C-alpha cells in the first residue's frame, strides 16, 4: 500500500506488462481474514469462491493487465491545449503587426507589381519552367 521515500533501495512493486511477476507482493501485511485466506489457498483452489480468488489476486497485484493497459482521453487535452497555445501565438502576431511593423515598401503596391510582373516577362525571368514559361506570349495571358 504505502510506498515511502526512505524505501528507495528495497525491491519494489511495479505494474508493467513486460514484467508480469514483480519482485514483491502489492500487499505485504495481512489482516486476520487475509491470513485465513492465504491458508485456504494452500488447499484446492476449486474450493475458493470467485470473491476469494479476486481477493488473492488483489493482494498480489495492484492493477490487472486490462487496467494497467487502458487507453485514456489525454490526447484530446494535449492536442486541444497545443492548438489553444498556437492560437494564442497568432494574437501575439496580430499585436506585432499592429504596434510594431510599419508600412511595407511601395514596391508591393498593386500597380507596381503589375508593372514589375510585365518587366519580368519582358526579360523572360525563368523562361524554361519557373515563371515566364507559364506566360503565353502568343495569347498574351497566363497559360491555362
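Residue numbers count along the first chain shown, from 1.
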{"property": "Stretch with the higher entry mean CA B-factor, where the candidates are 16 to 24 and 131 to 139", "result": "131 to 139"}
{"property": "Ranked C-alpha temperature factor of residue 43 among modelled chain residues, by third", "result": "highest"}
{"property": "For residue 100, the third of its chain into which the C-alpha B factor falls", "result": "middle"}
{"property": "Third assignment of residue 116 from its chain's C-alpha B-factors", "result": "middle"}
{"property": "B-factor third for the C-alpha atom of residue 53 within its chain", "result": "middle"}
{"property": "Chain thirds of CA B-factor: placement of residue 62", "result": "middle"}
